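**Student:** Take a look at final_14.cif, mmCIF, C-alpha atoms:
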data_run
loop_
_atom_site.label_atom_id
_atom_site.label_comp_id
_atom_site.auth_asym_id
_atom_site.auth_seq_id
_atom_site.Cartn_x
_atom_site.Cartn_y
_atom_site.Cartn_z
CA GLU A 121 143.49 190.27 131.13
CA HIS A 122 145.16 188.96 134.32
CA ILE A 123 148.68 188.15 135.41
CA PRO A 124 149.30 184.38 134.96
CA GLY A 125 148.92 182.18 137.95
CA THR A 126 146.87 184.64 139.95
CA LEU A 127 143.49 182.92 139.76
CA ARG A 128 143.98 181.09 143.10
CA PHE A 129 144.38 184.58 144.77
CA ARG A 130 141.41 186.12 142.92
CA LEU A 131 138.90 183.45 143.89
CA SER A 132 136.21 184.79 146.33
CA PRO A 133 135.56 182.52 149.31
CA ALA A 134 131.97 181.91 148.01
CA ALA A 135 133.30 180.84 144.69
CA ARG A 136 135.97 178.63 146.17
CA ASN A 137 133.29 176.83 148.32
CA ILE A 138 130.99 176.28 145.27
CA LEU A 139 133.89 175.03 143.05
CA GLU A 140 135.09 172.60 145.65
CA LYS A 141 131.53 171.33 146.42
CA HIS A 142 131.02 170.53 142.72
CA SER A 143 134.59 169.55 141.80
CA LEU A 144 134.85 172.31 139.24
CA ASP A 145 137.82 173.79 137.41
CA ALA A 146 137.75 177.65 137.83
CA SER A 147 139.99 178.08 134.87
CA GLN A 148 136.97 177.11 132.63
CA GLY A 149 135.15 180.17 133.99
CA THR A 150 135.77 183.91 133.73
CA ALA A 151 136.28 186.44 136.54
CA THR A 152 133.80 189.24 136.27
CA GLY A 153 134.05 190.97 139.62
CA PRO A 154 135.90 194.24 140.17
CA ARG A 155 139.65 194.00 139.47
CA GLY A 156 139.37 190.52 138.22
CA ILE A 157 137.85 188.84 141.24
CA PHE A 158 136.14 185.50 140.47
CA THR A 159 132.75 185.88 142.11
CA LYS A 160 130.04 183.58 143.46
CA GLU A 161 128.06 184.24 140.24
CA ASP A 162 131.13 183.24 138.13
CA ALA A 163 131.30 179.84 139.95
CA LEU A 164 127.49 179.36 139.64
CA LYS A 165 127.86 179.69 135.84
CA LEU A 166 130.21 176.63 136.04
CA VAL A 167 127.66 174.75 138.15
CA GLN A 168 124.99 175.52 135.38
CA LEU A 169 127.44 174.30 132.73
CA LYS A 170 128.05 170.99 134.59
CA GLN A 171 124.25 170.55 135.00
CA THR A 172 123.87 171.22 131.23
CA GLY A 173 126.29 168.40 130.40
CA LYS A 174 124.33 165.96 132.59
CA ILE A 175 120.92 167.07 131.21
CA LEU A 176 122.08 166.68 127.55
CA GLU A 177 123.60 163.25 128.27
CA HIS A 178 120.30 162.24 129.71
CA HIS A 179 118.34 163.34 126.66
CA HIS A 180 120.83 161.66 124.27
#
Please express the file's structure as structure tokens.
**Tutor:**
Amino acid sequence: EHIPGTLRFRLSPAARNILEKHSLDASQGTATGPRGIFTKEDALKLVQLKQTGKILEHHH
């Protein structure tokens, strides 16, 4: 879908702030904004996935 190595230029500033705050890897997400931009909502899906890992570990 995208040219390799372009994710760091397609990250929105909102996403980049959320990924850094939570020490997340954007390459585990998908870019769903127009023309391949990785949006705030795309980074929040990675926050929800990290929370899911912690919640399941706690129930295990």
**Student:** From the list A:155, A:171, A:164, A:124, which residue is nearest residue 137 in chain A when using all atoms listed in the file?
**Tutor:** A:164
**Student:** Edge lengths and centre in Å to one decimal, as AutoDock Vina command-line options, is what I'm after for the box along x, y and z that holds all listed atoms of range 135-149 of chain A once 5 Å is added on each side.
**Tutor:**
--center_x 135.5 --center_y 175.2 --center_z 140.5 --size_x 19.0 --size_y 21.3 --size_z 25.7
**Student:** Pick the closest to residue 152 in chain A from A:130, A:178, A:136, A:170: which is it, counting all atoms listed in the file?
**Tutor:**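 Looking at the shortest contact to residue 152 in chain A, the residue is A:130.
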**Student:** On this file, the PyMOL selection byres ((chain A and resi 131-133) around 7) gives some set of residues; write that set as a list in words.
**Tutor:**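 When the PyMOL selection byres ((chain A and resi 131-133) around 7) is applied, the selected residues are residues 127, 128, 129, 130, 134, 135, 136, 137, 157, 158, 159 and 160 of chain A.
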**Student:** When you draw a straight line from CA of residue 161 in chain A to CA of residue 176 in chain A, how long is it in Å?
**Tutor:**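 Here the two named atoms are 22.5 Å from each other.
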**Student:** Just give me the gap between CA of residue 147 in chain A and CA of residue 180 in chain A in Å, one decimal is fine.
**Tutor:** 27.4 Å
**Student:** For residue 139 in chain A, which of A:151, A:169, A:163, A:175 is the closest residue, counting only C-alpha atoms?
**Tutor:**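 Among A:151, A:169, A:163, A:175, it is A:163 that comes nearest to residue 139 in chain A.
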**Student:** Between CA of residue 174 in chain A and CA of residue 138 in chain A, what is the distance in Å, rounded to a tenth?
**Tutor:**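 One can read the CA of residue 174 in chain A to CA of residue 138 in chain A distance as 17.7 Å.
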**Student:** What does the PyMOL selection byres ((chain A and resi 149) around 8) select in this file, as a VMD selection string?
**Tutor:** chain A and resid 145 to 148 150 to 151 162 to 163 165 to 166
